[PDB]
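Read off the chains here:
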Amino acid sequence: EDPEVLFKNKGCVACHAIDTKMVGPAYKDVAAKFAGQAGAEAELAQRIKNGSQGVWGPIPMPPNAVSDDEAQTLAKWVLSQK
Ligand code: HEC
């Protein structure tokens, strides 16, 4: 299983992309930002289920989508992109 396949199996790519910006953060850009900053993961996945705060865009992402597992996976892919 891959988080890139799971990232496209839901609706992340609706505005994410693994290399472009639109509504949500570019996953690859997240890699080019955080890069070696793993101190959350729980509240990072909480963003995937409660909307962001506003770093690249002032429009938080649609909160709620799953539980807190299928997201936890795509939550470490962001922090762990390359
Ligand atoms: C558009 C309809 C989105 C969908 C569908 C998903 N995301 Fe998203 N995401 C979106 C926005 C508007 C934002 C915040 C705006 C800003 O630039 O800050 C985000 C951001 C994230 C983040 C955290 C980014 C951070 O600052 O490091 C993550 C980890 C994230 N989004 C996860 C994620 C996943 C896993 C999705 C599918 C399950 C997904 N997003 C969909 C917009 C949208």
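Provided above is the structure to which this section pertains.
### Here we look at a nonpolar patch on the surface
Phase 1: The grouping of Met-22, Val-23 and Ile-59 at the surface amounts to a nonpolar patch, some 320 Å² of accessible area in total.
Phase 2: Here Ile-59 is to be found in the loop between α3 (42–45) and α4 (70–79).

### Some words on the coordination of the iron atom of the ligand
Phase 1: Protein coordination at the iron atom of the ligand: the donors are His-16 (NE2) and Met-61 (SD), at 2.0 to 2.4 Å from the metal.
Phase 2: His-16 sits in the buried class, given a relative accessible area of 8%.
Phase 3: Relative accessible area serves as the criterion here: at 23%, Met-61 is assigned to the partly exposed category.

### Things to note about unusual backbone geometry
Phase 1: A positive phi angle is found at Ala-17, which is not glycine, with a value near 70°.
Phase 2: In this fold, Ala-17 is placed in the loop between α1 (3–6) and α2 (27–31).
Phase 3: Accessibility expressed as a relative area gives 16% for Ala-17, which makes it buried.

### A short note on the environment of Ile-59
Phase 1: The exposed category is assigned to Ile-59, whose relative accessible area is 54%.
Phase 2: Distance in space between the C-alpha atoms of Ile-59 and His-16 is 13 Å, their sequence separation being 43 residues.

### Some points on the nonpolar core
Phase 1: Listed in full, the 9 residues of the largest apolar core are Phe-7, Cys-12, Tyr-27, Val-30, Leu-44, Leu-74, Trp-77, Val-78 and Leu-79.
Phase 2: Considering every element that reaches this core, the biggest residue donor is α4, with 4 residues.
Phase 3: Once you skip the residues sitting within four places of it in the chain, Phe-7 turns out to touch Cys-12, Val-13, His-16, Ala-17, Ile-18, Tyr-27, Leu-74 and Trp-77.

### Details of the layout of surface pockets
Phase 1: Its boundaries defined by the atoms lining it, the largest pocket holds a volume of some 1000 Å³.
Phase 2: As for the largest pocket, its lining consists of 38 residues, of which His-16, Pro-25, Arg-47, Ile-48 and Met-61 are closest to the centre.
Phase 3: Every element with two or more residues in the lining of the largest pocket is listed here: α2 and α4.
Phase 4: Here the lining of the largest pocket takes 5 residues from α4, the largest share from any one element.
Phase 5: Of the residues contributing to the lining of the largest pocket, the split by class is 22 nonpolar, 10 polar and 6 charged.

So, how was this worked out
Residues numbered from 1 in each chain as written, not as in the entry; some residues may be left out. Heavy atoms only, no water. Patch = residues over 30% accessible without salt bridge, like charges linked within 9 Å, V, L, I, M, F, W, Y side chains within 5 Å. Areas by Shrake-Rupley, 256 points an atom, 1.4 Å probe, with all protein chains shown as cover. Salt bridge = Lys/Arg side-chain N within 4 Å of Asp/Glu carboxyl O. Helix = DSSP H or I, 4+ residues; strand = E, 2+ residues; numbered from the N terminus. Donors = N, O, S within 2.8 Å, 3.2 Å for Na, K, Ca; no water. Buried < 20%, exposed > 50% of the residue type's maximum accessible area, 1.4 Å probe, protein only. Core = buried A, V, L, I, M, F, W, Y, C linked by side-chain atoms within 4.5 Å. Contact = heavy atoms within 4.5 Å. 1 Å grid on protein atoms, 1.4 Å probe; cavity = no way out; pocket = protein on both sides within 12 Å on 5 of 7 lines; lining within 4 Å. Points joined across faces, edges and corners; volume = space filled by probe spheres on them. Nonpolar A, V, L, I, M, F, W, Y, C, P; charged D, E, K, R; others polar.

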